[PDB]
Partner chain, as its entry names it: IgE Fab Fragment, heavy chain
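Shown next as structure tokens: one chain only, the form solved without the partner chain.
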């Protein structure tokens, strides 16, 4: 369970282009296949004026790379947003420098499905951002991790 958040977060400053450089999850089944439920590739983060967080992403669904937009609503905690659905889902922002890397996790309640990503601003392998990611995950019950190469990061659905 995630007890690492970004103190002092300014969300407006996370807007723009992102790349899902690596991903990790609590169960193998969340990331194993091409259409696994947590295999989501972030494209853009779009904070709303009201301080909500629109997420633009790609997902492989029935043989193809589909585009999706979801909205995570603000909460009392600056680093935590809620996607109301069949479940209470939370987006947690763990850490960021705004200009290079952002670590975030998604979690529901059930047991608890948890997936986290290291997002970066450019199609480049950032070893320092990846160290910070592994550091964060040491405290979490993860059983699968994937990372993409720069070629893949320029393809839809990282193919």
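Numbering follows the first chain given and starts at 1.
This protein has a second form, the form deposited with the partner chain bound, left out of what is shown; the following refers to that one.
- The closest non-hydrogen atom of residue 122 lies within 4.5 Å of the partner chain in the deposited bound form.
- Using a 4.5 angstroms threshold between heavy atoms, residue 42 counts as touching the partner chain in the deposited bound form.
- Contacts of stretch 126-152 with the partner chain in the deposited bound form, defined by any heavy atom lying within 4.5 Å, are made by 151 alone.
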